[PDB]
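Chain by chain, the residues run as shown.
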Protein chains: 2
Amino acid sequence: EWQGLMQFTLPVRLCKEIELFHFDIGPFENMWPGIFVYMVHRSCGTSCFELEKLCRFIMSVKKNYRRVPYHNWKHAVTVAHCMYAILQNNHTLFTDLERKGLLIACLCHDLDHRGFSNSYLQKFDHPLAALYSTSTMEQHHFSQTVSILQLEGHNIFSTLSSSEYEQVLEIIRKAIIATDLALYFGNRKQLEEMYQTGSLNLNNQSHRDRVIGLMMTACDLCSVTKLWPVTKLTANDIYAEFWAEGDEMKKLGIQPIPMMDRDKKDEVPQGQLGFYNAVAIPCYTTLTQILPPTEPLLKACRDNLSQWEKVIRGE
Amino acid sequence: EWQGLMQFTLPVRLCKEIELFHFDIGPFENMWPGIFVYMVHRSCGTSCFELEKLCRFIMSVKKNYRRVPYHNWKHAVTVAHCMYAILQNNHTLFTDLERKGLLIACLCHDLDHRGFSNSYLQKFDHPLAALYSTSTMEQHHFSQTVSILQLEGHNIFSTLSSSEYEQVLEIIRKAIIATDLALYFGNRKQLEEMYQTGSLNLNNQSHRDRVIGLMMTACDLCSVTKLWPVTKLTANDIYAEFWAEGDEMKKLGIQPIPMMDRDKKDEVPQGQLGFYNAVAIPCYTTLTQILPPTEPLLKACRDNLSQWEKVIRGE
Ligand SMILES: COc1cn(-c2ccc(-n3cccn3)cc2F)nc(-c2ccnn2-c2ccccc2)c1=O
Ligand SMILES: COc1cn(-c2ccc(-n3cccn3)cc2F)nc(-c2ccnn2-c2ccccc2)c1=O
Ligand SMILES: [Mg+2]
Ligand SMILES: [Mg+2]
Ligand SMILES: [Zn+2]
Ligand SMILES: [Zn+2]
């Protein structure tokens, strides 16, 4: 398969549309691997990786996403595309290494997800929770990334100096860890403070790591920034996973939280309203303040919030 | 009328156009019966049906389509033409009996449609729903097909062996039942799994039946695969039917669903995008995987999807 990927060319119509935040990859499944190649080439340059290695890496990444309702290969590519659009719109704020690192980190950020939350694994003493006591799945996702990199002919970072190889793995590690939404709340609070006091400094590495973290959250959640019908269908996939986790809990005699309880579908519109107000809107608001060209993400999120409000009022 | 049909010759300027998936029969109403004869002849051969019986059959089928906005004679011929194009592009795969059966099934697949959904007939205890509890209209369509065959001078299959006759009727029965969209979702999910696990085997009659079922769906929905002006205009006919059904419900003091509600007219473009993502795209995607020459249908579906997005966005 990776050999066919090498001759792929993005159709011209898509070349225009792919640059836009609202682009939905959904209708183009056969093209997703080629879309990632395209994005890496446009953002990082056509000789950034050896094509054969990049194509082998991409195909192995795809193979290592499971056929679960939401945390699947489609999700990986959707998140990578949102990152592409953020980077393209803020290109010179980030180094070559950061752009490479972040695109790869986005593609890999949910590798081998089994459709269960960190809370579930920790509460029910899964072996991954023994290995990774905090940010359990996210450490596993980074573990999986390194594991794929070290496969025969898969090492896309082979030409880097050791120093730069270390830097990029560290960029990738931090970015993947930051997708643990438990970490987002504190991150966003610190950044909002820094922005209000006028103290945010991108040349300050700790400030920089925080901005990158927020970008990762923004990308991870971007299904809430698509057109309404797309956002609604994605919500169905997200809840399919939540409910399947809740069902496992009920078998072990434990009441799930409302969002994981399929007997509480009525509260979904209000659940979505609550998530947009407490998580999504704040995320894209802070992002827009730090990186103004990302405003369309906030606008789109606001549009979908409005749609959920309509659902609540009776439509 | 059936006599004048026997003399019909398709205009040469249409001999290449008619082979294209995106061919629109729209401008050629007086030719529709002759177009069906032409397609039968090229696909099944001028030998397989006695011309007079075929011509009488076609004319009785036409008269048994009602004057409804969408499920009318034009839709019958449109669906038959898409099947013709699938069969012509995959000519090794299907037996003589299958090609015969499938063209006939498509022409007859909505016979005597009244413009009401199965859900409606079942909800309001229509006699047809008392008779056929599931796939209500589709069982009716098949029954109408058998009734027409059993008219004097109408049995186009009279020269088949007793065995061939019951086989072809079963092919038609299964093909018409498959056009109940309620059944498509499970059919396509099964096929996707079979393809993905490499267990799909066209020696297996149950597998053949599933593939034929998907082809039927693909042809039934093929208005979403025409050039944009044709697709857009057909969408009006479809909603005219949905809305008349919703209106019939209001008259009875009963609240129709969003799709049936003419007060949700402004939401049509969003509803189309939803339908394309949830139904049409997966349909033509799976079909293209199983039957690569059907690829132009998926390509045309994607093009119309982007047109609906542009409508939503106000482009
Ligand atoms: C109530 O509705 C929702 C709830 N959560 C949600 C998810 C996770 C956590 N969590 C707490 C601690 C760690 N993780 C909390 C949450 F609230 N996420 C989404 C959502 C919208 C788009 N991606 N995304 C998503 C993000 C991650 C996983 C699944 C879905 C959502 O729509
Ligand atoms: C919202 O837009 C649409 C919705 N449906 C639609 C239709 C049916 C069902 N159903 C019946 C039973 C279970 N489910 C669900 C549906 F969603 N069909 C079309 C469509 C596009 C092209 N043919 N075709 C069509 C197909 C069949 C009937 C009418 C129209 C459409 O455009
Ligand atoms: Mg994750
Ligand atoms: Mg029908
Ligand atoms: Zn994710
Ligand atoms: Zn039909």
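## So, the overall build of chain A
In step 1: From N to C terminus, chain A includes 15 helices and zero strands.
In step 2: A compact globule built from 315 residues should have a C-alpha radius of gyration of about 20 Å, and chain A, at 19 Å, falls within 12% of that.
In step 3: Considering only C-alpha atoms, chain A reaches an extent of 55 × 45 × 40 Å along its principal axes.
In step 4: Sorting the 315 residues of chain A into buried and exposed places 54% on the buried side.
In step 5: Considering only contacts within chain A whose residues lie at least 6 apart along the sequence, 70% involve residues at least 24 apart.
In step 6: Surface accessibility of chain A: about 14100 Å² in total, with carbon and sulfur atoms responsible for 52%.
In step 7: Taken together, the 31 basic and 35 acidic charged side chains of chain A have centroids lying 2 Å from each other.

## Some points on the interface of chain A and chain B
In step 1: Contacts between the two partners involve 18 residues from chain A and, on the opposite side, 19 residues from chain B.
In step 2: Between chain A and chain B, the buried area comes to about 1500 Å², and carbon and sulfur atoms account for 53% of it.
In step 3: When residues of chain A are sorted by the area they lose upon contact with chain B, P27, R67 and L227 of chain A head the list and together hold 35% of the total.
In step 4: Summed over the shared surface of chain A and chain B, the result is one salt bridge.
In step 5: There are five residue pairs in polar contact connecting chain A and chain B.
In step 6: Breaking the side of chain A that touches chain B down by element, the ones donating at least two residues are helix 2 (12-17), helix 13 (228-251) and helix 15 (295-313) of chain A.
In step 7: No other element matches helix 13 of chain A, which puts four residues into the side of chain A that touches chain B.
In step 8: Class assignment for the residues of the side of chain A that touches chain B results in eight nonpolar, three polar and seven charged.

## Here we look at the packing of aromatic side chains
Working definition: an aromatic ring pair is given by the centre-to-centre distance plus the angle between the planes.
In step 1: Under the defined criterion, the tally for this structure stands at 19 aromatic pairs over all chains.
In step 2: Ring geometry for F157 of chain A versus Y165 of chain A: centroids 6.4 Å apart, planes at 75°, classification edge-to-face.
In step 3: A residue is classified by how much of its surface remains accessible, and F157 of chain A, at 1% relative accessible area, is buried.
In step 4: With a centroid separation of 5.3 Å and 40° between ring planes, the pair formed by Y239 of chain B and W243 of chain B is classed as tilted. Taken together, the residues span about one helical turn, with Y239 of chain B and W243 of chain B both in helix 12 (residues 228-251) at a distance of four residues.
In step 5: Exposure remark for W243 of chain B: the relative accessible area of 11% places this residue in the buried category.

## Some thoughts on the site of ligand 1
All names here are of chain A.
In step 1: Near ligand 1, the surroundings consist of 13 residues, among which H71, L221, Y239, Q272 and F275 are the closest.
In step 2: At 3.4 Å from an oxygen atom of ligand 1 is found a side-chain nitrogen or oxygen belonging to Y239.
In step 3: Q272 places a side-chain nitrogen or oxygen 2.9 Å from an oxygen atom of ligand 1.
In step 4: Relative to its free-state accessible area of 600 Å², ligand 1 is covered by the protein chains to the extent of 76%.
In step 5: Mapped by element, the contributors of at least two residues to the shell around ligand 1 are helix 11 (181-196), helix 13 and helix 14 (268-290).
In step 6: Sort the elements by how many residues they give to the shell around ligand 1 and helix 13 lands first, with three residues.

## A look at the side chain of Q144 of chain A
In step 1: Checked against the element boundaries, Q144 of chain A lands in helix 9 (residues 136-149).
In step 2: Once you skip the residues sitting within four places of it in the chain, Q144 of chain A turns out to touch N64, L111 and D112 of chain A.

## Notes on the nonpolar core
In step 1: Of all hydrophobic cores here, the largest spans 93 residues; its most connected members are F157, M215 and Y284 of chain B.
In step 2: The element best represented in this core is helix 4 (residues 73-88) of chain B, accounting for eleven residues.
In step 3: Those residues within four positions of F157 of chain B in sequence are excluded, and the remaining contacts are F49, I104, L149, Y165, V168, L169 and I172 of chain B.
In step 4: Formed by 91 residues, the second largest nonpolar core is a distinct cluster that contains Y38, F49, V211 and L287 of chain A.

## Remarks on the site of ligand 2
All names here are of chain B.
In step 1: Around ligand 2 sit 13 residues in total, of which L181, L221, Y239, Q272 and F275 are the nearest.
In step 2: In isolation ligand 2 has 600 Å² of accessible area, and contact with the protein removes 76% of it.
In step 3: Counting only elements with at least two residues in the shell around ligand 2, the list comes to helix 10 (181-196), helix 12 and helix 13 (268-290).
In step 4: Class assignment for the residues of the shell around ligand 2 results in nine nonpolar, four polar and no charged.

## Comments concerning the pattern of salt bridges
In step 1: Counted by the stated rule, this structure contains 30 salt bridges over all chains.
In step 2: Residues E170 of chain B and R173 of chain B are paired through a salt bridge, measuring 2.5 Å at the closest nitrogen-oxygen approach. Of the two residues, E170 of chain B and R173 of chain B both sit in helix 9 (residues 162-178), three residues apart, roughly one turn of that helix.
In step 3: Look at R173 of chain B and you get partly exposed, because its relative accessible area is 32%.
In step 4: Three or more residues are tied together by salt bridges with common partners; here these are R13 of chain A together with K299 and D303 of chain B.

## Things to note about unusual backbone geometry
In step 1: Despite not being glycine, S135 of chain A has its phi angle at roughly 45°, a positive value.
In step 2: Take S135 of chain A: its relative accessible area is 8%, and that puts it in the buried class.
In step 3: Unusually for a residue other than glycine, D112 of chain B sits at a positive phi of about 65°.
In step 4: In this fold, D112 of chain B is placed in the loop between helix 5 (96-108) and helix 6 (118-123).

## Some words on helix 14 (residues 295-313) of chain B
In step 1: Across its 19 residues, helix 14 of chain B extends 28 Å between first and last C-alpha, which sits within 8% of the 27 Å expected from 1.5 Å per residue.
In step 2: All of the buried residues along helix 14 of chain B are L297, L298, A300, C301, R302, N304, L305, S306, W308 and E309 of chain B.
In step 3: Buried positions along helix 14 of chain B lie against helix 2 of chain A together with helix 4, helix 12 and helix 13 of chain B.
In step 4: Two residues or fewer past helix 14 of chain B, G314 of chain B is found with a positive phi of approximately 80°.

## Remarks on the packing of helix 3 (residues 32-44) of chain A against helix 6 (residues 96-108) of chain A
Geometry of a packed helix pair, given as the angle between the helix axes and the separation of the axes.
All names here are of chain A.
In step 1: At a minimum axis separation of 10 Å, helix 3 and helix 6 run at an interaxial angle of 165°. Here helix 6 runs roughly antiparallel to helix 3, going by the angle between their axes. In this structure, the crossing between helix 3 and helix 6 has a hand that is right-handed. Residue-level contacts link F36, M39, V40, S43 and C44 of helix 3 to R99, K100, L103, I104 and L107 of helix 6.
In step 2: Residues belonging to the contact of helix 3 with helix 6 are distributed by class as follows: seven nonpolar, one polar and two charged.

Rules of the game
For every chain, the first residue of the written sequence is numbered 1 and the count continues from 1 onward along that sequence, whatever numbering the entry uses; residues with no coordinates are hidden. Note on labels: chains are lettered from A, ligands numbered from 1, in written order. Side-chain numbers here rest on the full set of heavy atoms in the structure, without hydrogens or water. Segments assigned H or I by DSSP are reported as helices when at least four residues long, segments assigned E as strands when at least two residues long, and all are numbered from the N terminus. For the radius of gyration, the atoms used are the C-alpha atoms, and the globule rule reads 2.2 Å times the number of residues raised to 0.38. Type-normalised accessible area, obtained with a 1.4 Å probe on protein chains alone, sets the label of each residue: buried when under 20%, exposed when over 50%, and partly exposed for intermediate values. Contact between two residues is taken to exist if any of their heavy atoms lie within 4.5 Å; hydrogens are not considered. Only the protein chains shown count as covering a residue, and every accessible area follows the Shrake-Rupley method with a 1.4 Å probe. Only four residue types enter the charge count: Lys and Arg as positive, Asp and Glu as negative, with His and the chain ends excluded. By convention, the charge on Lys lies at NZ, on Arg at CZ, on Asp at CG and on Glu at CD. Accessible area that two parts lose when put together, evaluated with a 1.4 Å probe and summed over both, is termed the buried area. Just to be clear on terms, a salt bridge is a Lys or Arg side-chain nitrogen sitting within 4 Å of an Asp or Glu carboxyl oxygen. Whenever two N or O atoms come within 3.5 Å, that pair is a polar contact, provided that in protein one can donate a hydrogen and the other can accept it, and provided that, for residues adjacent in sequence, both atoms are side-chain atoms. Amino acids are sorted into nonpolar (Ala, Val, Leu, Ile, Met, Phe, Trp, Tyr, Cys and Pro), charged (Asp, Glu, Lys and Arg) and polar (every other residue, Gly among them). A pair of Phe, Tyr and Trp rings is counted when the ring centres sit within 6.5 Å of each other, with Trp represented by its six-membered ring. The angle between the planes then sorts it: under 30 degrees is stacked, over 60 is edge-to-face, the rest tilted. A molecule or strand has a residue near it when one of that residue's heavy atoms lies within 4 Å. In plain words, nonpolar cores are sets of buried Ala, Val, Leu, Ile, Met, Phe, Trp, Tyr and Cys residues tied together by side-chain atoms within 4.5 Å. In a helix, the anticipated span is given by 1.5 Å times the number of residues less one. The convention used is that axes are lines fitted to C-alpha atoms, helices contributing only their stretch in contact, and that angles between N-to-C directions extend from 0 to 180 degrees. Under this scheme an angle from 65 to 115 degrees is roughly perpendicular, one under 35 degrees roughly parallel, and one over 145 degrees roughly antiparallel; angles in between are oblique. In this scheme the crossing of two helices becomes right-handed for a clockwise turn of the near helix relative to the far one and left-handed for an anticlockwise turn of less than a right angle.

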